[PDB]
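For clarity, chains are labelled A, B, C, D and E in written order, and residue numbers in each chain start from 1.
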Amino acid sequence: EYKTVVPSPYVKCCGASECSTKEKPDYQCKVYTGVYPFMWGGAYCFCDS
Amino acid sequence: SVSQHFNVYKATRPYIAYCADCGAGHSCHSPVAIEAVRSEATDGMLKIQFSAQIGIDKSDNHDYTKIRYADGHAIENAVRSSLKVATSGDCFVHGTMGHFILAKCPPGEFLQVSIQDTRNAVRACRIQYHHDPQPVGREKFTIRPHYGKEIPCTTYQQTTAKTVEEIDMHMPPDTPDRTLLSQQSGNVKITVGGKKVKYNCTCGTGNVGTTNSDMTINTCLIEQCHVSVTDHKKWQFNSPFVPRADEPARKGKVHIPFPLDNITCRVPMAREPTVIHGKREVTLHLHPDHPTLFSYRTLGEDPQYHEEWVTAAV
Amino acid sequence: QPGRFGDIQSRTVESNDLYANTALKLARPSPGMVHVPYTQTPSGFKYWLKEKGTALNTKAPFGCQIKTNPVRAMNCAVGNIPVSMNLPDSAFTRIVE
Amino acid sequence: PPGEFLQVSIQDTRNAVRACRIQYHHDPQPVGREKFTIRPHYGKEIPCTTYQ
Amino acid sequence: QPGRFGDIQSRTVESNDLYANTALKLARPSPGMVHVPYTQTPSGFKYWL
């Protein structure tokens, strides 16, 4: 039986980060634009989009 | 030593994570959020991992009757006799260590873990997990017999010693907060509260940076500035529900308790069947007490195998 | 292939190379949330354990008792064994006595 | 949760128990096309009715 | 016959004799133990009912 390792997501405020390939089994990485993460205190970054 | 077995846990701290459904069909940021459930043991003793640790007091010291948990920016404390785990009825907590609860549970669909707040409130996190164990052997009994056979089967021990497997831990990120901003006529005031605070603002020029005291900036608005706690000298579990800090580098590893061990565990002998003879045939009367597996084959050239799950008398 | 036996394979227990094919498709996070969603076909090993079939233990012909570690079959009754023997002269008795 | 009988109980002034029980076959099926048990953290929103 | 109707028979309710055939078998007690293990076919009357 396998296990799926997922690390904590990366969030960048007012910036774009591209991710590069790696030599791991079934490595899958993606980048998404226009996100407004929330937390238990409030907003995370100024940049709305 | 047992207290010396906690040498690692001096470097960690509880955290707050997102329960999608946390008691009343509502999403909440709970301090007892469930992360993963492991059920590799054949006996069927579930191991549960959740945000709050057990065995450390808020002063970071050994105590077996006390639980430390995250609340706001602080670490509050609760009693251990207020811990409940349940699938459908009430469950039995066999052991517990830090980030892990080792329990045994009846069949059900959902799993709920709840503790008591310092204000005598109840905090619960509950998820979906199809649990339905079948004991080793060829019979699905429910309670050990007082006469039977011993079969090898695998369980989780209570030893806290070093184990091969490990859990990664990293540096906690900045925690946004808004209750650290106040208005004074035409200026904004931020309070340190005893922790380093990072601020960004757009009013004027050169109003960005970090502080350890109560600052006041003139001609600014509440909705125009961001403040966040920044110190975070402790460690935190890497969880997919808390954003990762700027540094993409792993910070450390911590051993997990309760390894997997091979023990002997008990099964009952089925009742002998009733045999009726015949001309090159036999008739078997089967009187089961539990669902039992019945198989037969012939010792010739080509065998006529058969096997089935007998439940009622046949 | 994903979902069946052999979803992940390794040449030996201690090998450092692993081949996996399980359809790890990622999805966009929901607005106003901090999480990572993913859809993955369940482990093929558990499925195979669920409906493996019938073992050779309860099917082998000729009453062949199957055991493991090492893999072997015992009390398999088939054929005949030729025996060649060389006897000393001290195991017989003379005609006179 | 799913069941067959519904019972409502209170306590009394003298610390007695007063409960009454009726029969009600209750098994609720969530809206949509999936027979789930607990809410997920990533899914779809569907119109649905409750008590305010 | 054991397991079926009429495994225990009596001429009347008040009769002092009884005919029983239920395949009672005793087993050797487990080591380090004090008990009495027995195997016996379930009551035929309940099966008939």
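One rule holds for everything that comes next: contacts are C-beta pairs under 8 Å (C-beta built on N, C-alpha and C of every residue); 3 or more make two chains touch, one makes a residue touch a chain.
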item	value
Neighbouring chains shared between subunit D and subunit E, ordered by label	B
Taking each chain's C-alpha mean as its centre, the one farthest from subunit B	E
Most central chain, Cα average position	B
Relative to subunit A, chain with the most remote C-alpha centre	E
Centroid spacing, where centroids are CA-atom means, of subunit B and subunit D in whole angstrom	26
Whole-Å gap between the CA centroids of subunit A and subunit B	24
Subunit B and subunit E: spacing of chain centres that average the CA atoms, whole Å	50
Multi-partner residues of subunit B (at least 2 other chains)	18, 240, 242-243
Contact pairs between chains, per stated definition	A-B, A-C, B-C, B-D, B-E, C-D
Interfacial residue positions of subunit A with respect to subunit C in the complex	1-2, 4, 6, 9, 11, 25-26, 28, 30, 32, 35-39, 44
Touch list for subunit D against partner subunit B, complex	36-41
Touching residues (chain side subunit D, partner subunit C) in the complex	41-42
Sites on subunit B touched by subunit C in the complex	18, 240-243, 295, 297, 299-303, 305, 307
Contacting residues of subunit C [partner subunit D, same complex]	27, 29-30, 33, 35, 37
